[PDB]
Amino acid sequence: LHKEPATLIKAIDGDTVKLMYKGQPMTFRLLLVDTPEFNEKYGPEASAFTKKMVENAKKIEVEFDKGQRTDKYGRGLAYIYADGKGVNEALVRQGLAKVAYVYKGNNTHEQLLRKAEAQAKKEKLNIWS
């Protein structure tokens, strides 16, 4: 897998963000994580977490996995990094997302994410409290 540069346009919720990617705006859905929807418990906190992480980044990068690269709604399915730090793992490690089902072969960081989630859970942090 490789990282490509992107520019934040706007953070949308805990697991979706609008980026300028190759000179065009695109909605990205973060791979392998499910944050609560904004009107669910921890939904606002997950939204606020992702927003601060991407807005405060000097550099955003997107990294597609080896599977299907867009969902049926036109969203890019990727790992997103802010100054070299994965947003996906950060949310799971913070207990603000659960690890999602693998979608269409995009599984590269699945074990790493499960490990972060198991630690959040052991710490009864946020969603796990």
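Heads up: residue numbers just count along the shown sequence, starting at 1.
Open item on the list: Quick check on the record: does 97-105 or 82-90 carry the larger mean Cα temperature factor?
Closed with: That would be 97-105.
Task: Highest recorded Cα temperature factor - choice among 35, 50, 27, 70 - done: Highest C-alpha B-factor among the listed options: 35.
Task: CA B-factor placement of residue 112, once the chain's modelled residues are sorted into thirds - done: Its C-alpha B-factor, which the entry lists for residue 112, ranks in the middle third among residues of this chain.
- [ ] Name the third of the chain's ranked CA B-factors that contains residue 118, choosing lowest, middle or highest.
- [x] Residue 118: CA B-factor falls in the highest third of its chain.
Open item on the list: Which third, lowest, middle or highest, does the C-alpha temperature factor of residue 66 belong to within its own chain?
Closed with: Its C-alpha B-factor belongs to the middle third of this chain's values.
Task: Third assignment of residue 8 from its chain's C-alpha B-factors - done: For residue 8, whose C-alpha B-factor we compare with every modelled residue in the chain, the answer is the middle third.
Task: Third assignment of residue 59 from its chain's C-alpha B-factors - done: Its C-alpha B-factor, which the entry lists for residue 59, ranks in the middle third among residues of this chain.
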